[PDB]
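Here is how the chains run, residue by residue.
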Amino acid sequence: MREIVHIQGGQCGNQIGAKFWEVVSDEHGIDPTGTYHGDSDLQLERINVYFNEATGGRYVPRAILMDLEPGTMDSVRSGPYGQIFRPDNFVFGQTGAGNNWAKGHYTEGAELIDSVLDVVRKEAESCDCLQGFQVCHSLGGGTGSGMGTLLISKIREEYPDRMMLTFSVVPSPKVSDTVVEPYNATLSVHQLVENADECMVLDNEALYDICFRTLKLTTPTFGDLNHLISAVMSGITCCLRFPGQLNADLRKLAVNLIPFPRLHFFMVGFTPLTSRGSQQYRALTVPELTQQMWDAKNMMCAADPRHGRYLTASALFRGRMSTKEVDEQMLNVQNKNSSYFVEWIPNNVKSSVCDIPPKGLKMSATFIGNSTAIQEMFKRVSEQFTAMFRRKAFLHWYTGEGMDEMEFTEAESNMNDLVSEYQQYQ
Amino acid sequence: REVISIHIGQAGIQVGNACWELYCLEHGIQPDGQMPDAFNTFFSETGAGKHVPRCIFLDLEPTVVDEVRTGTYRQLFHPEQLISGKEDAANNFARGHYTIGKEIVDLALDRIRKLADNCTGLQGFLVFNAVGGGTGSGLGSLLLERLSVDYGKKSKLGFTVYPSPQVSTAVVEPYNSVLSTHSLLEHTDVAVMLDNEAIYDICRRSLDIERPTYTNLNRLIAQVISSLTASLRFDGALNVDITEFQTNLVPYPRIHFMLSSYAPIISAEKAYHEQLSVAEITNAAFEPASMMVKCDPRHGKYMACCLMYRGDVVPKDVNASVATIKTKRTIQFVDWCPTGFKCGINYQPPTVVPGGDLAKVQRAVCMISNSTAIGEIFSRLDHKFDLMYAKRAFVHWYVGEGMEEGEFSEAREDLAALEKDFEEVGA
Amino acid sequence: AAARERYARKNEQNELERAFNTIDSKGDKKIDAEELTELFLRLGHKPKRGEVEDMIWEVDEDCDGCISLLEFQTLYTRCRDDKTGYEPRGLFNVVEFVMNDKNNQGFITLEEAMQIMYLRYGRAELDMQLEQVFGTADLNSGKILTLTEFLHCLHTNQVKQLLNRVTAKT
Amino acid sequence: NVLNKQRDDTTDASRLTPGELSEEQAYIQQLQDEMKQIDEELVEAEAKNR
Ligand SMILES: Nc1nc2c(ncn2[C@@H]2O[C@H](COP(=O)(O)OP(=O)(O)OP(=O)(O)O)[C@@H](O)[C@H]2O)c(=O)[nH]1
Ligand SMILES: Nc1nc2c(ncn2[C@@H]2O[C@H](COP(=O)(O)OP(=O)(O)O)[C@@H](O)[C@H]2O)c(=O)[nH]1
């Protein structure tokens, strides 16, 4: 029916998506060789959203891997569920950006994104009625930020009346891998404010604290973080793949959650998330799900909403549940903590239910809250960017490649008006 | 992706003898050149099962080259690669740059061209030289001049040996270092300093070797290079390339001088009684008791740092460890840079070579940082170079070769100008 | 604003009848696509490959093929009161030009009379349809009126409200 | 002998110097003109559809 193509950029995007296709294929019962082995008819009836039957029970994922280094692509086909992707979908450069956003947006982008667009165009016309596009990338890298950024801009010029998601991890001062993170973040977000339909703000700090306290893991490699992110992404699209009492497509959530067109950066959470010592001691009820859902520490972004107010919030529930519990729980969590919600919008929480849980659990949830606390992140990177730019450090790879001085001044100005308009609407 | 490594001078090709030794012992190749795909960055395959390194040894004196022609690796190196002159520059920068250099560097160039042509995705070059001599200084700078005009956009990793402050073997080396830096400044993209007294102190204290020769020095240098190319050779949880250091570590096109260090340099006995984890090696990479250049970053301020991690290392603790470093106050970063780190983790541990004095360690860290303590060393060189230049000692040899008094004064004021440049960025 | 329009119609009706006969070249009541090219040649403008077919297509809506004087008044009135109709105006312009012509090369200051009748508008709005200035006159022809009117209608048509909307500030 | 060797190298160096490709730059220029023509052609057609 409605179809979503998948686009993974850079190293972070590629590895996030690899675990994503593994988890999804397990939900629909496709083995790593790409054949159907499920039992229920509910699994076979909605695999056209993410796959195409090739020949004789061969279901291939509708995904496009794109980056600038061969190591990532080889690491995809090596691991399991690596043999399911069509090899033509490996659009692929060779030289590399080197964490230089200009090289990802002006130097190397000019020779790859045309090739990327051919594969993307083929995957859009391969399906009938597009629901939207799904892009997983970072904001601190070069080949994920710049390459994915220019791709997003060109795509919105081609298919403008279609939805678009960008799952993006953002950098933070405590988890600081690259040195030019602020230059990449502020310019990348400057493009996201005018191109993306809605963006989902992620960051690595929150992922580390989820695996520290909630999951109580000892050695949380990147496989577990990608495992966490994949559960959230599968949750946002369960409504398209399984029937339920209250369905909510991507368009339904965006039109309902975004009160003003430029304010489309979200904070995400997921429930339930429990450690192996406490997976036995818990119950599975809607209120138990709700408090662990709205918890401050359980946000999958390191921006505490309790420093500000909620504008809108959304809940996507999965499993056999009673809709009265759904509605009364949203009403109670809004009445006790009444100051944390915006005032000139009553009933700031939209909720929906789907009748198919993730495999291995009786009942789960997914939270999408559009709060006003996100301006902290924009200031936290803006001051670092201004601190660097007022002495032109690290600028010659930017100005020597094609940027001028006015682009950084444009970035600050757009940065400053967005944090100012967040401040007004709060 | 490929990178070729060129070696100039007595110290240069001796360093190569340890590097290619380490390489074949890591990729399981016998010294004759046959296995009993990741080797593609350094070795090209004949197609008959023989692997040949991407390297050219060249110098002006045939002594150090011809023991290599008859060691164990007689059959590993292609004969044309091992270039050799007929007579030495003899610790005379001008003699290596104008008299004898002008005949030998053109042969090296039309050789290095077909090494690059055999390559496909050339990442860059990386050069090895000691500035105290005449070959590594003179034709080294001449070779870098002609390399910049040929390629330009390709990285040129200069792993240079600067003369030690107090421990020195030659007497005209202050002249050679100043004139060489004058061109190493505007040609090398990323130039790493490797002193000799610092490596001497590491082998004395850490390796507890009280009688070290040049063999152990070259051994640990190869270890740092191996730790730096593992990200290019092998896959890790978080990798970087050689084009990453060009952007992430040098804020201005003339400030490219990095302090290197490595950890843990530990003997065979401490490892048995001691514990290895990520936090303590993240600490040990920063203390000045493990640096490779006699300077103190405690006197300077950091611009940006880089961290190679090898072995069984997860990414959660490298972040936690670098966080603990920033919250400490013994070392401080420049005001303009809020974030000053570039981290990287790779899966393969460092292999060991039999006969070396490096233990088999479970994990290791290779740190490459940039600071302003490097400004103190350059100033320290200027005092004793200017000390003798005014009275015109030893000038008659260089000017007799065909130079004049002009290039001393103009090279002197250029590096003097660099002193002022370092002081103004630190403020 | 009605008085300007009613008075204008009272006088232009007689001009219109002769304008019609003059456009016809066969001495009949029907205006063929053939005649339109002849008229443009008189104006001194050239049609494109398919312009005439569109011109004949859009105007006629009670029968198919050639046009008739009855269709012509229907067109005239609908287009004249069309203002917020977003309706076609391909063949209205050529006839209004011919009627507003009495010099047999075009008209100069009479654009303002055309403009005021449509709306009082503004001197700046006049600087939109063409570049005429109050003191200076110009030479004009068929070429420079039809093209500018056609382009203006395309320019207004494009603008619509998607994310171009602007709400009062908080 | 050495003068002749040097002279040949200069002649080789002069041959190698990149030279402007007239037969190809004009192609690029003509391609951009047709591209821009189609953009304006496209906007009129979109107007017609509305
Ligand atoms: N670190 C290190 N330095 C060395 C080694 N061998 C020589 N050197 C240094 O090289 C410097 C002199 O240059 P050499 O490489 O020996 O000689 P050269 O550079 O070829 O110059 P010429 O003697 O004129 O040929 C000395 O100051 C030493 O410090 C070595 O094995 N390890
Ligand atoms: N969740 C997750 N994040 C990653 C992974 N690898 C890298 N990152 C993040 O990516 C950022 C660096 O971006 P990078 O991987 O260089 O992006 P790219 O070069 O554009 O592909 C860091 O802040 C990391 O937190 C991974 O396997 N999982």
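Thresholds applied
Residues numbered from 1 in each chain as written, not as in the entry; some residues may be left out. Chains lettered and ligands numbered in written order. Part of a larger assembly, values for the part shown. Heavy atoms only, no water. Helix = DSSP H or I, 4+ residues; strand = E, 2+ residues; numbered from the N terminus. Rg over C-alpha atoms; globule rule 2.2 N^0.38 Å. Buried < 20%, exposed > 50% of the residue type's maximum accessible area, 1.4 Å probe, protein only. Areas by Shrake-Rupley, 256 points an atom, 1.4 Å probe, with all protein chains shown as cover. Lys, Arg positive; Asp, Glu negative; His and termini not counted. Charge placed at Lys NZ, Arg CZ, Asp CG, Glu CD. Contact = heavy atoms within 4.5 Å. Buried area = accessible area lost by both parts, 1.4 Å probe. Salt bridge = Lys/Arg side-chain N within 4 Å of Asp/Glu carboxyl O. Polar contact = N/O pair within 3.5 Å; in protein donor to acceptor, adjacent residues only side chain to side chain. Nonpolar A, V, L, I, M, F, W, Y, C, P; charged D, E, K, R; others polar. Near = heavy atom within 4 Å. 1 Å grid on protein atoms, 1.4 Å probe; cavity = no way out; pocket = protein on both sides within 12 Å on 5 of 7 lines; lining within 4 Å. Points joined across faces, edges and corners; volume = space filled by probe spheres on them. Pairing = 2+ DSSP bridges. Axes fitted to C-alpha atoms, helices over the stretch in contact; angles between N-to-C directions. Right-handed = clockwise from strand over helix to strand, strands pointing away. Core = buried A, V, L, I, M, F, W, Y, C linked by side-chain atoms within 4.5 Å. Parallel < 35°, antiparallel > 145°, perpendicular 65-115°, else oblique. Left-handed = near helix turned anticlockwise from the far one by under 90°.

Method of determination, as given in the entry header: cryo-EM; reported resolution: 3.3 Å.

What am I meant to see in the overall build of chain D here?
Across its full length, chain D carries 2 helices and 0 strands. Relative to its length of 50 residues, chain D is extended, with a C-alpha radius of gyration of 24 Å against a globular reference of 10 Å. Counting only C-alpha atoms, chain D reaches 80 × 15 × 5 Å along its principal axes. Taking all 50 residues of chain D together, the buried fraction comes to 2%. In the form shown here, chain D has an accessible surface area of approximately 5100 Å², with 52% of it arising from carbon and sulfur atoms. In chain D, the 6 positive side-chain charges and the 13 negative ones have mean positions that sit 5 Å from each other.

Can you help me understand unusual backbone geometry in this one?
Leave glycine aside and you will find that most residues have negative phi; peptide bonds, for their part, are mostly trans. For the bond running from A:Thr271 to A:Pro272, omega is 0 degrees, close enough to zero to count as cis. Assignment of secondary structure puts A:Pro272 in the loop between strand 9 (265–271) and helix 12 (286–293). Residues B:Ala263 and B:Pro264 are joined by a peptide bond in cis, for which omega reads 0 degrees. Tracing the chain through its elements places B:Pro264 in the loop between strand 8 (258–263) and helix 10 (270–273). In this model, A:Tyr81 sits at a positive phi of 50 degrees, which is unusual for a non-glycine residue. Mapped onto the elements, A:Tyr81 comes out in the loop between helix 3 (70–78) and strand 5 (90–92). On the accessibility criterion, A:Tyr81 (10% relative accessible area) is buried. A positive phi angle, near 65 degrees, is found at B:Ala90, a position not held by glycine. For B:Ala90, the position within the fold is in the loop between helix 2 (62–68) and helix 3 (93–99).

Would you mind showing me how to read the interface of chain C and chain D here?
Size of an interface, as often reported, equals the accessible area lost when the parts are brought together. Taken residue by residue, the interface counts 4 residues in chain C and 6 residues in chain D. It is C:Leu154, C:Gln158 and C:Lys160 in chain C that bury the most area against chain D; as a group they hold 69% of the surface buried on that side. For the interface between chain C and chain D, the tally reads 1 salt bridge. Of the charged contacts in the structure, one is a salt bridge between C:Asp54 and D:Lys48, with a shortest N-O distance of 3.0 Å. Counting every contact that joins chain C to chain D gives 1 residue pair in polar contact. By residue class, the composition of the side of chain C that touches chain D is 1 nonpolar, 1 polar and 2 charged.

Would you mind going over the site of ligand 2 with me for this structure?
Residue and element names in this part refer to chain A. Taken together, 14 residues lie around ligand 2, and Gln-11, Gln-15, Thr-143, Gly-144 and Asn-204 are the ones closest in. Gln-11 has a polar backbone atom sitting 2.4 Å from an oxygen atom of ligand 2. Here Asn-226 contributes a side-chain N or O atom positioned 3.2 Å from a nitrogen atom of ligand 2. Starting from 570 Å² of accessible surface for ligand 2 in isolation, the protein chains cover 92%. Contributions of two or more residues to the shell around ligand 2 are made by helix 1 (10–28) and helix 9 (222–236). The dominant element in the shell around ligand 2, judged by the number of residues it contributes, is helix 1, at 4 residues. Among the residues making up the shell around ligand 2, the classes are represented as 2 nonpolar, 11 polar and 1 charged.

So what exactly am I meant to see when it comes to the environment of B:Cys305 here?
All names here are of chain B. Along the chain, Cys-305 falls in strand 9 (residues 304–311). A sequence separation of 99 residues divides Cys-305 from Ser-206, and the C-alpha atoms of the two residues are 23 Å apart. Beyond its immediate chain neighbours, meaning those up to four positions away, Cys-305 contacts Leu-249, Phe-286, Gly-340, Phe-341, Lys-342, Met-367, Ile-368 and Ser-369.

Where do I start with the interface of chain A and chain B in this structure?
Counting residues at the interface gives 31 residues for chain A and 33 residues for chain B. Considering only the surface of chain A that becomes buried against chain B, A:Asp177, A:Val179 and A:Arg391 emerge as the three largest contributors, covering 20% of it. Remark: the boundary between chain A and chain B carries 1 salt bridge. Residues A:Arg391 and B:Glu424 are paired through a salt bridge, measuring 2.9 Å at the closest nitrogen-oxygen approach. If you tally residues by element for the side of chain A that touches chain B, the top one is helix 14 (residues 375–389) of chain A, at 3 residues. The residue inventory of the side of chain A that touches chain B, partitioned by class, reads 15 nonpolar, 11 polar and 5 charged.

Mind showing me how you'd approach empty space enclosed by the protein here?
It is the rolling of a water-molecule-sized probe over the atoms that shows where space remains empty. All names here are of chain A. By volume, the largest cavity amounts to about 280 Å³. If you go around the largest cavity, you meet 23 residues; those closest to its centre are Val-170, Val-201, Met-377, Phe-378 and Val-381. At the level of elements, helix 7 (181–195), strand 8 (198–203), strand 9 and helix 14 are the ones that each hand at least two residues to the lining of the largest cavity. Partitioned by chemical class, the residues of the lining of the largest cavity number 19 nonpolar, 2 polar and 2 charged.

It is not clear to me how the sheet that holds strand 11 (residues 363–370) of chain B should be interpreted in this structure. Could you clarify?
Adjacent strands of a sheet pair through backbone hydrogen bonds, lying either parallel or antiparallel. All names here are of chain B. Taking strand neighbours across the sheet as the criterion, the 9 strands line up as 4-1-5-6-7-8-11-9-10 in an open arrangement whose pairing is mixed. If you trace the sheet from one side to the other, it starts and ends with strand 4 (55–58) and strand 10 (341–346), each paired once. When the angles between neighbouring strand axes are averaged without regard to direction, this sheet yields 20 degrees. The sheet contact formed by strand 9 and strand 11 spans 8 bridges and is antiparallel.

When you look at the pairing of strand 6 (residues 155–161) of chain B in this model, what are you seeing that I'm missing?
Sheet faces and side chains relate simply in a regular strand, where the side chains alternate between the two faces. Residues and elements named next belong to chain B. For strand 6, the buried fraction is high: 7 of the 7 residues fall into the buried class. Neither face of strand 6 is open: one carries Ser-155, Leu-157, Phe-159 and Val-161, the other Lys-156, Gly-158 and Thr-160, and all of them are buried. Here strand 5 (residues 122–130) pairs with strand 6 via 7 bridges, running parallel. In the strand pairing of strand 6, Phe-125 is matched with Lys-156. Note that strand 6 and strand 7 (residues 190–194) share 5 bridges and pair parallel. Bridge pairing links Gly-158 to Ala-191 in strand 7. Handedness of the crossover joining strand 6 and strand 7 through helix 6 (residues 173–187) is recorded here as right-handed.

Quick question: what am I supposed to make of the nonpolar core here?
A general trend in soluble globular proteins is that nonpolar side chains are found buried together. Counting 114 residues, the largest nonpolar core has A:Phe408 and B:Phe257 as the members making the most contacts within it. Not counting the four nearest positions on each side in its chain, A:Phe408 is found in contact with A:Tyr183, A:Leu187, A:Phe385, A:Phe389, A:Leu395, A:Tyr398 and A:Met403. Residues A:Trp21, A:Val49, A:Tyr81 and A:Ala248 belong to the second largest nonpolar core, which totals 54 residues.

Looking at this structure, how should I read the side chain of A:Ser230?
Residues and elements named next belong to chain A. Residue placement: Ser-230 occurs in helix 9. Assessed through its relative accessible area of 1%, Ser-230 is described here as buried. Of note is the side chain of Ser-230, whose polar atom sits 2.6 Å from the backbone oxygen of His-227. What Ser-230 contacts, discounting residues up to four positions off in sequence, is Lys-19, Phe-20 and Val-23.

Any chance you could explain the side chain of C:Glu35 here in plain terms?
Residues and elements named next belong to chain C. One can find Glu-35 in helix 2 (residues 33–43). On the basis of relative accessible area, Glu-35 is assigned to the buried category, the value being 2%. A distance of 2.5 Å separates a polar side-chain atom of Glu-35 from the backbone nitrogen of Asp-32. Once you skip the residues sitting within four places of it in the chain, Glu-35 turns out to touch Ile-23, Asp-24, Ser-25, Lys-26 and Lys-30.

Sorry, what's going on with the site of ligand 1 here?
All names here are of chain B. Near ligand 1 there are 16 residues, and of these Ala-11, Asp-88, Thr-135, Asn-196 and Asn-218 occur at the shortest range. The separation between an oxygen atom of ligand 1 and a polar side-chain atom of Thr-135 is 2.3 Å. Taking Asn-218, its side chain carries an N or O atom lying 2.8 Å from an oxygen atom of ligand 1. Here ligand 1 loses 89% of its free accessible area of 630 Å² to cover by the protein chains. If you list the elements that add at least two residues to the shell around ligand 1, you get helix 1 (10–27), helix 5 (135–150) and helix 8 (214–233). At 3 residues, helix 8 tops the list of elements feeding residues into the shell around ligand 1.

Sorry if this is basic, but what is going on with the packing of helix 14 of chain A against helix 16 (residues 405–425) of chain A here?
Two quantities define a packed helix pair, namely the angle between the helix axes and the distance between the axes. Residues and elements named next belong to chain A. At a minimum axis distance of 10 Å, the contact between helix 14 and helix 16 shows a crossing angle of 155 degrees. Taken together, the axis directions place helix 14 and helix 16 in an arrangement best described as roughly antiparallel. Here helix 14 and helix 16 pass one another in a crossing that is left-handed. Between helix 14 and helix 16, the contacting residues are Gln-375, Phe-378, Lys-379, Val-381, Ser-382, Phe-385 and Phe-389 on the first element and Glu-405, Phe-408, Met-415, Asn-416, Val-419, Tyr-422 and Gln-423 on the second. Along the lines of polarity and charge, the residues of the contact of helix 14 with helix 16 split into 8 nonpolar, 4 polar and 2 charged.

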